[PDB]
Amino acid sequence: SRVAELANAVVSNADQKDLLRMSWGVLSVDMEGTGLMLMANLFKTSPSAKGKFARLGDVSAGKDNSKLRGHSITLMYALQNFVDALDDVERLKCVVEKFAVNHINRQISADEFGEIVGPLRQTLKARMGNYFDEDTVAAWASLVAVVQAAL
């Protein structure tokens, strides 16, 4: 398992943690709106994700689809959990390992989970505007990689 070594480096990287908290401050202004935007981007660039999310029904309906709405809001509270864990390696490891359990049971591989990075970039461009920087995407990719190592 690579989870512990990757988590060590996330916790020790202060500038990267700052990028995560700064960009999270913007992403979390509108938890529902941003969660829905992220999911819409996932379905755009990985349409294969529709099969894993079939229970949600017609995902093209956005906020008008109550199942998609409930999922999209709930996803953002897992991101909040991760951000709140960034200063304590044992805390980050145990919350990432907990999170991974259901994803493993759904047969979501490290490669499939990494499909979320592009969607994160696109959502960050929409939320950051003229102040967007790829350094925020690299920061989120490092955090995503901790989860990938658990899958």
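A residue's number is simply how far along the shown sequence it sits, counting from 1.
Comparing 83-91 with 104-112, the stretch with the higher mean C-alpha B-factor in the PDB entry is 104-112. The mean Cα B-factor in the deposited entry runs higher for 125-133 than for the other of 21-29 and 125-133.
When the C-alpha B factors of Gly70, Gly35, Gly118, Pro47 are read from the deposited coordinates, the top value falls at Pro47.
Among all modelled residues in its chain, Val59 ranks in the highest third by Cα B-factor.
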